[PDB]
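Quick note: the coordinates plus some simple rules give every number you see, no bench work behind them. Positions of Cβ are generated from backbone atoms using ideal geometry, with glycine treated the same way; all protein chains shown enter the neighbour counts.
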Amino acid sequence: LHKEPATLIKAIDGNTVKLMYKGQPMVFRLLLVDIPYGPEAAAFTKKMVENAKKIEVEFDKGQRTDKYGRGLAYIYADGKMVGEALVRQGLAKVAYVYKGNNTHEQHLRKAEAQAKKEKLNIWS
């Protein structure tokens, strides 16, 4: 998989962000991340992407857009995965694999177990 440059346009909520991607505005939905702490997840994602000096999009090997037109990707802010950071913080849960996009699933489930063990936020 490869990282591609993108520019933040707008933070929307915990797992949705509007990006300029290859010169077109596009809403992205973070792969493998579920939000059941909703506003807390929103605030965390907002700060992460707004403070980054570099935003990158990384499509998985599966379907790249959902039915609603949203890009389905991993988002990196300064080299760190936004979805993973949320899961690790106990601010989101790991979703079911959608259409073959499972490359970082294992890594996410680990982050999740650890947040769980630490009784963090939604695991409170």
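Side notes on the structure shown:
- For the stretch 46-57, taking the residues that are out of contact with any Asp or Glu (no Cβ under 7 Å at 6 or more places or on another chain) and of a type outside the set (S, T, N, Q), the one that is nearest to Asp13 (Cα to Cα) is identified as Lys46.
Rundown of residues vs (1) over 15 Å from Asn121 (Cβ atoms); (2) assigned to a loop (DSSP other than H, G, I, E, B), yes/no style:
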{"residue": "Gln63", "(1), (2)": "yes, yes"}
{"residue": "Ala73", "(1), (2)": "yes, no"}
{"residue": "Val87", "(1), (2)": "no, no"}
{"residue": "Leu91", "(1), (2)": "no, yes"}
{"residue": "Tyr96", "(1), (2)": "yes, yes"}
{"residue": "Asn101", "(1), (2)": "yes, yes"}
{"residue": "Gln106", "(1), (2)": "yes, no"}
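- All conditions but one from (1) touching a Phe, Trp or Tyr at 6+ places or on another chain (Cβ under 8 Å); (2) surrounded by fewer than 21 Cβ atoms within 10 Å (Cβ to Cβ) apply to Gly14; the one that does not is (2).
- Test: residue in the stretch 44-61 that is β-branched (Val, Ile, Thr) and in a loop (DSSP other than H, G, I, E, B): no
- Of the residues making up the stretch 72-103, those that are touching a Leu at 6+ places or on another chain (Cβ under 9 Å), surrounded by fewer than 20 Cβ atoms within 10 Å (Cβ to Cβ) and not polar (S, T, N, Q) are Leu72, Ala85, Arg88, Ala95, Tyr96, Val97, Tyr98, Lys99.
- Here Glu58, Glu50, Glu4 are screened, and the one residue that is of a type in the set (D, E, K, R) and in contact with a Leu (Cβ under 6 Å, 6 or more places away or on another chain) is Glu58.
- The single residue among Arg29, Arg88, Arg109, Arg64 that is over 21 Å from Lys3 (Cβ atoms), among the basic types (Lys, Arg) and out of contact with any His (no Cβ under 9 Å at 6 or more places or on another chain) turns out to be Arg109.
- Screening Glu40 with (1) farther than 17 Å from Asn101 by Cα; (2) out of contact with any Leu (no Cβ under 7 Å at 6 or more places or on another chain); (3) surrounded by fewer than 18 Cβ atoms within 10 Å (Cβ to Cβ) gives one miss only, at (2).
- Scanning the stretch 19-36 for residues that are surrounded by fewer than 14 Cβ atoms within 10 Å (Cβ to Cβ) and in a loop (DSSP other than H, G, I, E, B) yields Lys22, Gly23, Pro36.
- Inter-residue pairs, beta-carbon under 7 Å, first over 12 Å from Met81 (Cβ atoms) and in the stretch 43-62, second part of a helix (DSSP H, G or I), 6+ apart: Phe44/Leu86
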